[PDB]
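Okay, so here's just one chain, in structure tokens, the form deposited in one PDB entry.
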């Protein structure tokens, strides 16, 4: 047997009402699939939802350990292994995911081979091993058949656009996703639905349509039990509040922190979010990462120094940032910081330039405000607010 079955049998010996409970938690109508699953090696539930929901209900503290054992023991040719590939990618369990991938691209079931090759392209693009052009080419050469991989081949581009600060293609691309075409695998349909809710929340944020942003993140929260998506929902809600409600932004970031305690990466993300929040409100900032050479963290060091008129220290940090390569959205923030340090209108115009190129209608409010503080003509500001970069 595998760990999840070992554990469930022992717990059954100690408590015989569990089969029922597990049935209702797993969405099953009765314990028949439970007995089939426990007693027969190689048996799989109809919907992967079943085993995930049981693990989260009964062994929440062991979820990773159990699922890594279960998933890496599945027949790679099965629907359950495809469902597990999505479960692993959604959770960023790269160790389960990558093993399932190199096993599926080798196997003789065509559906699993396709899932595996598409998720492989997602992982390579995510790790900057291939360019977007090469990912698009490879996806084309795959001649994708399943609706699931038709949807996911768009989702992976959306993730790439978001992480590279290239927001203008996203709104059109996300509308081309049609999850209603997914009929065979409801776990994948429902998880992709959460994925779209979160991405849409980010698109609305980037369009400065804040009420909509929060609505989509609330939909994401309602539709999921996956930590990754809850994390990015609280992050995006909190971000949407950055310029208006310090306490509620902070409360959302601290909520994210509270569910992220055991994950170094998510914990770091909420530290960075609170760091940016406190710089925007020009408060004392206990969240700065002074032991980092990432652009994100160095920028917030400089921002805090500028806020507290430590211009020498700020200049040393912007010196470090000059010797690092920036994407457009990062560069826009760079010029915002330079404009504040130097009290230099041209820097704020460059900041606006690169926010327009990245199509970031949210953070552009920072240089616009500064230009307004320096007495820029109101019609000019209106013109800059309304014109766009042509991609």
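Only residues modelled in both forms are compared. Here, rigid core means the biggest group of C-alpha atoms that superpose within 1.5 Å across both forms. Numbering follows the first chain given and starts at 1.
What comes next is about the form deposited in another entry, which does not appear here.
Core-aligned CA deviation for residue 347 between this form and the one not shown: 2 Å or greater. For residue 130, a C-alpha deviation below 2 angstroms is recorded between this form and the one not shown after rigid-core alignment. Fitting the two forms on their rigid core shows CA movement of 2 Å or more between this form and the one not shown over runs of at least three residues at 253-255, 257-386.
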